Amino acid sequence: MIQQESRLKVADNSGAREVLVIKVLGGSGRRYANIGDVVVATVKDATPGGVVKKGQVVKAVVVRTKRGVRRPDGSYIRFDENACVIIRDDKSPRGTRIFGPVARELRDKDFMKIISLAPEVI
Amino acid sequence: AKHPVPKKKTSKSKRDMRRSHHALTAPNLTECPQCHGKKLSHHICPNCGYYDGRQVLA
Amino acid sequence: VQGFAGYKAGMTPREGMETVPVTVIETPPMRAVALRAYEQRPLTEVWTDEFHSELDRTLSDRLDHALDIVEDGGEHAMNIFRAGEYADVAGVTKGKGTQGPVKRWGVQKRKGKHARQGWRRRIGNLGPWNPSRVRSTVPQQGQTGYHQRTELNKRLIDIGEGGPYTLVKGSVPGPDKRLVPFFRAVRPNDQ
Amino acid sequence: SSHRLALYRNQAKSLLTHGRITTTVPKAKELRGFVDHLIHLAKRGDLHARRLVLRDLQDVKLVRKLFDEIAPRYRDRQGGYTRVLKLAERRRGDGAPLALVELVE
Amino acid sequence: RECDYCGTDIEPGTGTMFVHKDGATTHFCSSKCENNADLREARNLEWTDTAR
RNA sequence: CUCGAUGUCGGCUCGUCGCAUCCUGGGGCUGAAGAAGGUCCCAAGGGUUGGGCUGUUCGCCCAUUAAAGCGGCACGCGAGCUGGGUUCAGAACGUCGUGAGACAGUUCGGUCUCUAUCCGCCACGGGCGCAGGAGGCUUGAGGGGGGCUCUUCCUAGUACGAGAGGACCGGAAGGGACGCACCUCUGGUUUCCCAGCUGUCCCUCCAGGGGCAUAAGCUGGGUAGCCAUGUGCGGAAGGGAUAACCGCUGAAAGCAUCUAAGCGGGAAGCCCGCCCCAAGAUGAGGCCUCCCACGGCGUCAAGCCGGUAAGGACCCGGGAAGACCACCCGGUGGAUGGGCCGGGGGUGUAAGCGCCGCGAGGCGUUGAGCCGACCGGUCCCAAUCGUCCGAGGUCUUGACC
């Protein structure tokens, strides 16, 4: 879910807007970017040059996908949207702030940073 | 447009051999319920009407 | 009979702690027919009639403990299989039939611009020019649905009697409910 | 589809009229259940029931005819109000083992 | 709640919950809630736990 | 060899070898401490990704990765597509030519044909066989499938280390692509199951319907089976024989030497093991459980007849069993179809009357109505009655009662 050139907005403020999905990060084969996962895409467009800027080589992760995530709790969760957050090699966000909620996940795959910044984590 | 067609006179022999596996097998028919005669195993007829009920003619 | 086996109950998951899906399996003790030994000479299967009532309508642990229940009179309740264990079951494929090299065998078909052209399903090729006619290699529309399927790492979770029946860890019994299931925990790795 | 029905239709129709026709194996095997089913409705017997049965058959005369007429002659049993009987012969050129079916009586 | 609002409902002692942006939400239910609700104004909603 | 004709680039798919091995293990080497590289010997198992621009391969560029291998087989594949392209006539430029035409200079567009016979491959039936006639159960020689991997943690920040770093060895967990299987949960189906709808023809006027509006006219939704986006699971242990590679015991060379002989070490690799066939492996295998010597005919009549429901069949009724076939369960002492009946599931409270508003409608009765396969009762219905075929126990030798 979310590869080639599927797009997804920001919720942090890094200075973005939306981003194209190059590669699913992990190792060869692999074909999917599911929240918690980390993506190798770029700017489809970003504010008036906050700090990022349109068409900027990038690194972001998974937190919002209407693909529906099956919670080990035989439960089910999804969103009206599909987007995520940028990052500093060091699985570290940039956006100083968050936006739409997210999912335990993150925690499970490292990121607290946002985990709490988040307005609400579902 | 004959891409593929035989290539060597089929050989009567074989040929027929082919046509070999074929064959018939007489109707398994039985004998009348009381109609007395031979019918199509399971049915009344231009001899019957019966079975158990007179559902026919003659 | 060296083993233990019965038929497919069905599947459903539910509960646990995180939650988990399994499958139900029917089988008390389907009696005990002789037992495996090649002693003094060739020995394998005898038959001192003691069966059902219809059956003549057609008329060393594993096997060992057997001796236990196969001499008892015949039958032999199933379930050493206990709390958290790995037998293995061999279902019977599934009358799926003769299909196109499509699902029968993973393969990419008629692409786009021709991925439709009232075109479609149908393998790509056979053998080159010089090589030589054909290989027994490339499968074919190799029918399916009938295979003597099965698998491994078959973990059983729990069981109870009310009717001797078993709960399973992930179903995929192969064949369908009311189907022929045989289990074992063969050369287990999770041991 | 629209044809499966149609059939059942006219066949269901014609039949009730006579109560045992001549169509091939299957054809009959089905016109049964259905037609059959229908019956079970003439049995229910009422505003509704009728509003259905007809719904398909389309035709006072009958529709009523059965609901009242036959229906009764059946009010008692348990489905089966039909006895699908295979036949001895077969339509020509073809060679189809037709067959006959009636309202078990 | 009330499938957020969708007073109808669907899917076992678990169910599921959709969701929107802004820390906003949408616990959920059936294919009669969804679509509709996912495309206009709740108020106006009838059938269910709104225009009850 | 082919011009009584072998259809030629790249692509597609389907791949198959090979090793000079890209990733992967095992090694010896180093100007190797660690770690990471370099050098070369042994091993092909498995595996070796998305795009871009280019008709292209090639190639450069973008993000990965352990890796992103070299090459075979007419630089595999057109009776399997592709058909861009170079390579029909157009026509263009440029270009030479008095010209006509012209060009491995370029540029637009330019008819790839339904019926496989054989051999061959994948599959399923028919023989006939395996010398009593019989249904049920197993062995597997021998074949076939499958083997990869990243990362995270303790051991440990301990060996090493001036330091920034970073181990063999030993052990957890997750994940990637992949394959077998499977619906429970999830999602896609759902040609009529259920519901709303506009246009119209019959319907009797209203209501309540009906085809058609594809083969459903349109929209919302929708079991059961199939099927992924989803479920289990798998590629392991371990055993034996080795590569390279390392040693021991010790000659011939009274001193040394892995060495000919003697004994061990050591690999994702071979053999075994794990699944998948499978004796038509004519060496027709084992075993248990049934059936007994019938008739008359010239003969080693091992030839013609009733048989033995031992037993099977055919015909019927049924199956995620299925092209046909073969294969499975049932054949009224039946639950096998349908039918009905409860049960679930599914559509959103019906037809009618009722009560509010001129009307449109609403509110009620009423979670109504109606229900396609899902779970299970009940002989309403329909598998009646009937046939056919089937054994007898081939020759020699001996071992025991």
# chains A, B, ... in the order shown; residues from 1 in each chain; ligands from 1
call {"tool": "select_by_dssp", "arguments": {"residues": "stretch 22-52 of chain D", "states": "helix (DSSP H, G or I)", "output": "PyMOL selection string"}}
result
chain D and resi 25-44+47-52
call {"tool": "residues_around", "arguments": {"residues": "stretch 100-104 of chain C", "least_positions_apart": "3", "cutoff": "12 Å", "atoms": "only C-alpha atoms (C1' of nucleotides)", "output": "VMD selection string"}}
result
(chain C and resid 96 to 97 107 to 110 120 to 125 138 to 145) or (chain F and resid 13 to 14 122 227)
call {"tool": "closest_residue", "arguments": {"among": "A:122, A:76, A:43, A:110", "to": "chain E", "atoms": "only C-alpha atoms"}}
result
A:76
call {"tool": "select_by_dssp", "arguments": {"residues": "chain E", "states": "strand (DSSP E)", "output": "PyMOL selection string"}}
result
chain E and resi 16-18+26-28
call {"tool": "write_last_selection", "arguments": {"atoms": "N, CA, C and O atoms", "output": "compact mmCIF listing (two decimals), in the first residue's frame"}}
result
# COMPACT_ATOMS: atom_id res chain seq x y z
N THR E 16 -15.83 -2.04 13.92
CA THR E 16 -14.67 -1.25 13.48
C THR E 16 -14.97 0.25 13.37
O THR E 16 -16.14 0.65 13.31
N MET E 17 -13.92 1.06 13.32
CA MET E 17 -14.08 2.52 13.35
C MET E 17 -13.25 3.25 12.30
O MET E 17 -12.03 3.29 12.37
N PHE E 18 -13.93 3.84 11.31
CA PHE E 18 -13.27 4.72 10.35
C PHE E 18 -12.83 5.97 11.09
O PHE E 18 -12.88 6.01 12.32
N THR E 26 -14.94 8.98 13.45
CA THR E 26 -15.97 8.25 12.76
C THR E 26 -15.87 6.76 13.12
O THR E 26 -15.44 5.95 12.30
N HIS E 27 -16.22 6.43 14.36
CA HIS E 27 -16.43 5.04 14.73
C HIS E 27 -17.39 4.53 13.67
O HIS E 27 -18.05 5.34 13.03
N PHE E 28 -17.50 3.22 13.46
CA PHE E 28 -18.40 2.80 12.38
C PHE E 28 -19.08 1.43 12.34
O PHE E 28 -18.97 0.60 13.25
call {"tool": "interface_residues", "arguments": {"of": "chain F", "to": "chain A", "cutoff": "12 Å", "atoms": "only C-alpha atoms (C1' of nucleotides)", "output": "PyMOL selection string"}}
result
chain F and resi 23+47-51+62-68+149-152+174-178+184-187+229-231
call {"tool": "interface_residues", "arguments": {"of": "chain B", "to": "chain F", "cutoff": "7 Å", "atoms": "only C-alpha atoms (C1' of nucleotides)", "output": "MDAnalysis selection string"}}
result
chainID B and resid 1 3:8 10 30:31 33 41
call {"tool": "write_last_selection", "arguments": {"atoms": "N, CA and C atoms", "output": "CSV table (one decimal), in the first residue's frame"}}
result
chain,number,residue,atom,x,y,z
B,1,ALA,N,-6.5,-20.1,-44.5
B,1,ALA,CA,-5.5,-20.0,-43.3
B,1,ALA,C,-5.3,-21.4,-42.6
B,3,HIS,N,-2.7,-23.1,-41.0
B,3,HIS,CA,-1.5,-23.1,-40.3
B,3,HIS,C,-1.1,-24.6,-40.2
B,4,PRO,N,-1.8,-25.4,-39.5
B,4,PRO,CA,-1.6,-26.8,-39.2
B,4,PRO,C,-2.5,-27.7,-40.0
B,5,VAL,N,-1.9,-28.6,-40.8
B,5,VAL,CA,-2.7,-29.7,-41.3
B,5,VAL,C,-1.9,-31.0,-41.4
B,6,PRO,N,-2.6,-32.2,-41.3
B,6,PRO,CA,-1.9,-33.4,-41.3
B,6,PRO,C,-0.6,-33.3,-42.1
B,7,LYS,N,0.3,-34.3,-42.0
B,7,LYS,CA,1.6,-34.2,-42.7
B,7,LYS,C,2.2,-35.6,-42.9
B,8,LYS,N,1.6,-36.3,-43.8
B,8,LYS,CA,1.8,-37.8,-43.9
B,8,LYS,C,0.4,-38.4,-44.0
B,10,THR,N,-2.4,-40.1,-43.2
B,10,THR,CA,-2.9,-40.9,-42.1
B,10,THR,C,-2.9,-42.3,-42.6
B,30,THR,N,-35.1,-53.6,-19.6
B,30,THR,CA,-35.5,-54.7,-18.7
B,30,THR,C,-36.7,-55.4,-19.3
B,31,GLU,N,-37.7,-55.6,-18.4
B,31,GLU,CA,-39.0,-56.2,-18.9
B,31,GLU,C,-40.2,-55.7,-18.2
B,33,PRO,N,-43.7,-54.2,-16.4
B,33,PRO,CA,-44.1,-54.2,-15.0
B,33,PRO,C,-45.2,-55.2,-14.8
B,41,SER,N,-36.2,-49.7,-19.1
B,41,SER,CA,-35.8,-49.7,-17.7
B,41,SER,C,-36.2,-48.4,-17.0
call {"tool": "closest_residue", "arguments": {"among": "A:94, A:44, A:64, A:104", "to": "chain E", "atoms": "only C-alpha atoms"}}
result
A:64
